[PDB]
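Only one chain is shown below, in structure tokens, and it's the form deposited in one PDB entry.
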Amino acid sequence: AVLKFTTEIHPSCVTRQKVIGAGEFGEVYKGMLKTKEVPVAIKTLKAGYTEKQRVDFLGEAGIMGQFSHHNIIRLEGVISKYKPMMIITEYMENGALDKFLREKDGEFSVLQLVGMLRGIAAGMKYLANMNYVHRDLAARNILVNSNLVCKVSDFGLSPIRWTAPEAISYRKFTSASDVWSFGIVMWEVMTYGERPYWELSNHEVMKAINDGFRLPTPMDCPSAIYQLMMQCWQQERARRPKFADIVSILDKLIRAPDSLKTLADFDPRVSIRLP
């Protein structure tokens, strides 16, 4: 029954063109789907896969079929009746959000940036309510379409810098550790894809966090947005906002946009003195 929320696609409707990545036991491709041709991403499961790999593969397809939300990647269908098996999703021409922002430094308004964050939060609120813990939320796992709409995904490549302390220390992954990651995502967006904690090593990042340090304000960042990402990074898990709280705050800021005009002070690293 695993594939109940999914559509089985016939192999003759799929054409693979270019390898765009690697999967658990198979390649990921960029291709076309016929149902007039629609571009798609395709993750395959090649010959020789184990029984565990097949459970995980069709399990991923099944949970994806169950999600139906504007800010979650949409499953087009699955090939389970023929070999190689395939997971087929929509294709986003703008690609991954972290690379997208880095190649478009300074090109959007703060209202546009905050709107992207509201979308990511609505998707995470939906996942958490469906009792799905993401565990690898980060800008590299989010796709942008040509309306600037962000869709939470998981390309499965796994992230110390994005992970809540209790998840690092004793493997407690929950929707509250995803909220910690979401705070880091807010910082990625407002910095146009800067690397969290810059050149600090993984061990330096954990020691700084445990000693109470937190990421400083991005440049040009609304006070309310920095306040919100700071509360995502509370050491005490039970003190973090839920995603329902985050969605609500972001929606109210956007709908009263003057609220975003008050900016947090930025700590300059360099002093330049001119007359």
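Counting begins at 1, following the sequence as shown. Under this definition, the rigid core comprises the largest set of C-alpha atoms superposing within 1.5 Å between the forms.
Another form exists, deposited in another entry; not displayed. Remarks below refer to it.
- The residue among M86, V144, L75, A138 whose Cα moves by 2 angstroms or more between this form and the one not shown, once the core is superposed, is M86.
- The rigid-core alignment places the CA of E60 2 Å or more apart between this form and the one not shown.
- Shown in the overlay between this form and the one not shown, fitted on the rigid core, is a CA shift at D220 smaller than 2 Å.
- With the core held fixed between this form and the one not shown, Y29 has its Cα displaced by at least 2 Å.
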